[PDB]
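To start, the structure itself, in structure tokens.
Both ligands and their constituent atoms are indexed starting at 1 by order of listing. For the numbers below, each heavy atom of this structure counts, side chains included, while hydrogens, waters and symmetry mates do not. Along the sequence shown, residues carry numbers from 1.
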Amino acid sequence: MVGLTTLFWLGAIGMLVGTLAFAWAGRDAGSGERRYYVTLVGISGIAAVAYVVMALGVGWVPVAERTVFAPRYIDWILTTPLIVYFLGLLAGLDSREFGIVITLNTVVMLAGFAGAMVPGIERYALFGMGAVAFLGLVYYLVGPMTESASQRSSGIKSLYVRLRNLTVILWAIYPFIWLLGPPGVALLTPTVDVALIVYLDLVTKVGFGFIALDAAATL
Ligand SMILES: CC(C)CCC[C@@H](C)CCC[C@@H](C)CCC[C@@H](C)CCOC[C@@H](CO)OCC[C@H](C)CCC[C@H](C)CCC[C@H](C)CCCC(C)C
Ligand SMILES: CCCCCCCCCCCCCCCCCCCC
Ligand SMILES: CCCCCCCCCCCCCCCCCCCC
Ligand SMILES: CCCCCCCCO[C@@H]1O[C@H](CO)[C@@H](O)[C@H](O)[C@H]1O
């Protein structure tokens with residue numbers, strides 16, 4: 001229990017550091033720019049709360065012979081569409097296309113959560129639904145959204161592509177962790193699972209936010 005608790009506290013601290021840095025960076029509150037900072041504060045702030053809750057030993061749900069971390073999935077349901085929103089803003093995406101990518105994202109996270117909570121082998125059908133919706137989300141990120149980003153200045157398009165790449169490459173690792181970890185075949189221990197996810201969560205949220213902060217200043 002000590003290892004898992006320690007990892008969750010590390011996640012909480014890293015998320016808190018991001019949250020404070022984004023809130024501070026955003027204080028200037030430029031009318032067009034404010035939205036981006038508030039969104040980053042929401043992304044890392046919600047994650048911080050989730051990690052604190054888990055560190056305190058809340059929401060460790062036993063499912064068959066594994067443990068499900070409910071706050072992790074609730075976190076993702078809330079924070080991943082905020083990341084997609086940030087990317088859609090950057091890309092200058094149209095309202096229909098925003099709706100589509102937010103829908104596909106929500107399918108991924110709901111299917112992953114539901115799958116984690118189903119004891120039997122039918123849970124892999126839920127994983128599959130999420131994997132299919134994720135391929136759709138990736139298509140949008142690398143296709144239509146990238147085309148949309150090209151209507152922006154070269155610097156904004158470069159930022160879009162940088163954050164798009166970070167997002168696509170790291171998000172693609174999560175389903176493999178689900179499959180190899182406790183929700184799937186339970187090869188990886190809960191500690192190894194949590195350690196990998198803490199890194200990935202930190203980089204996809206904080207380590208995404210700092211890249212945007214850097215580009216925003218350099219712009
Ligand atoms: C906008 C809405 C339409 C979307 C709402 C999200 C919704 C879709 C989530 C669906 C799942 C929902 C049905 C939950 C059911 C889970 C339940 C079956 C699990 C069993 O319950 C286990 C409990 C305690 O043991 O864990 C319980 C887990 C914890 C109690 C919850 C974990 C906390 C969250 C991860 C953090 C939430 C964010 C903060 C409330 C806001 C922080 C703001 C920030 C800026 C400081
Ligand atoms: C300006 C730099 C600020 C960076 C934001 C993150 C703050 C550091 C918080 C500690 C992070 C813990 C490291 C966990 C890594 C993933 C699990 C590794 C276990 C081997
Ligand atoms: C482009 C592909 C990248 C290579 C990654 C390899 C694929 C990862 C395999 C994940 C699912 C395989 C399930 C078999 C795991 C072994 C079962 C052990 C039981 C505890
Ligand atoms: C959920 C899985 C979805 C699979 C990804 C295929 C979606 C892309 O499919 C494409 O959509 C375009 C809209 O931008 C259309 O113009 C194209 O005709 C169509 O091929």
Side-chain angles (χ1 to χ4, degrees), residues 3-26 37-63 67-82 85 93 96 98-114 116-118 128-146 148 170 177 188-189 191-211 213-214:
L4 290 173
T5 302
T6 298
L7 291 166
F8 292 140
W9 280 121
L10 288 171
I13 285 156
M15 293 300 182
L16 284 177
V17 171
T19 306
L20 299 170
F22 308 146
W24 189 264
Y37 292 94
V38 177
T39 300
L40 287 176
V41 172
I43 289 157
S44 59
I46 295 170
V49 167
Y51 273 104
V52 170
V53 163
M54 292 188 287
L56 292 166
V58 178
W60 300 22
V61 184
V63 178
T67 299
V68 175
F69 301 109
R72 158 191 297 179
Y73 299 103
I74 294 160
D75 167 349
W76 297 351
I77 288 159
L78 297 173
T79 59
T80 61
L82 289 177
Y85 173 67
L93 199 60
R96 174 184 199 191
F98 247 125
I100 289 160
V101 295
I102 293 294
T103 298
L104 287 171
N105 185 85
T106 302
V107 174
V108 175
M109 306 301 159
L110 291 184
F113 187 19
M117 296 296 290
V118 173
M129 177 80 275
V132 165
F134 181 71
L135 295 174
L137 176 62
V138 169
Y139 162 77
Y140 273 89
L141 287 163
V142 303
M145 294 183 56
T146 294
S148 182
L170 300 181
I177 309 304
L188 306 177
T189 59
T191 307
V192 168
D193 180 76
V194 168
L196 295 174
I197 292 305
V198 165
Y199 174 80
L200 286 164
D201 282 357
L202 286 170
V203 175
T204 54
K205 294 191 168 69
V206 182
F208 178 106
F210 275 108
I211 291 167
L213 259 53
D214 174 61

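Ligand 4 lies out of reach of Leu135, whose nearest heavy atom is not under 4.0 Å from it. For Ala195, the closest heavy-atom approach to ligand 2 falls below 4.0 Å.
Close approach to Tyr199 involves these atoms of ligand 2, each under 4.0 Å from a residue heavy atom: 16 (C). Within the listing of ligand 2, atoms 6 (C), 7 (C), 9 (C) sit less than 4.0 angstrom from a heavy atom of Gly14. Residue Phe113 approaches ligand 1 through these ligand atoms, each under 4.0 Å from one of its heavy atoms: 11 (C), 16 (C). Interface atoms of ligand 1 facing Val49, defined by a heavy-atom separation under 4.0 Å, are 36 (C), 42 (C), 46 (C). Atoms of ligand 1 found under 4.0 Å from any heavy atom of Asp75, numbered from 1 in the order shown, are 35 (C). Using a 4.0 Å cut-off to heavy atoms of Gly59, the atoms of ligand 1 that qualify are 24 (C), 25 (O), 26 (O). Atom numbering of ligand 1 starts at 1 in the shown order; those under 4.0 Å from a heavy atom of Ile77 are 8 (C). Close approach of ligand 1 to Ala50 (heavy-atom distance below 4.0 Å) involves ligand atoms 35 (C). When each atom of ligand 4 is checked for a heavy atom of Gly136 under 4.0 Å away, the hits are 2 (C), 3 (C).
Residue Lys205 holds its NZ atom at 5.0 Å from CE of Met15, rounded to the nearest 0.5 Å. If you take CD1 on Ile43 and OG1 on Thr79, they are separated by 7.0 Å, rounding to the nearest 0.5 Å.
Atom CZ of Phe210 is surrounded by more than 12 heavy atoms from other residues, nucleotides or ligands within 6.0 Å.
Using cut-offs of 30° and 60° for the angle between ring planes, the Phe98 and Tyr85 rings count as tilted. Using cut-offs of 30° and 60° on the angle between ring planes, the pair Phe69 and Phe8 is perpendicular.
Summary of contacts: the protein heavy atom closest to atom 29 (C) of ligand 1 is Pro71 CG, 4.2 Å. Among protein heavy atoms, atom 19 (C) of ligand 1 sits closest to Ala70 CB, 4.1 Å.
When heavy-atom distances to ligand 1 are checked against a 4.0 Å cut-off, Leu78 comes that close only through its side chain, counted from C-beta outward.
For atom 9 (C) of ligand 2, the protein comes within 4.0 Å by at least one heavy atom. Distance check for atom 16 (C) of ligand 2: a protein heavy atom is found below 4.0 Å. Distance remark: protein heavy atom not present below 4.0 angstrom from atom 1 (C) of ligand 2.
Looking at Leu202, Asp201, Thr6, it is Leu202 that brings a heavy atom closest to atom 11 (C) of ligand 2. Nearest to atom 34 (C) of ligand 1 by heavy-atom distance, out of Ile46, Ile74, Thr106, is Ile74.
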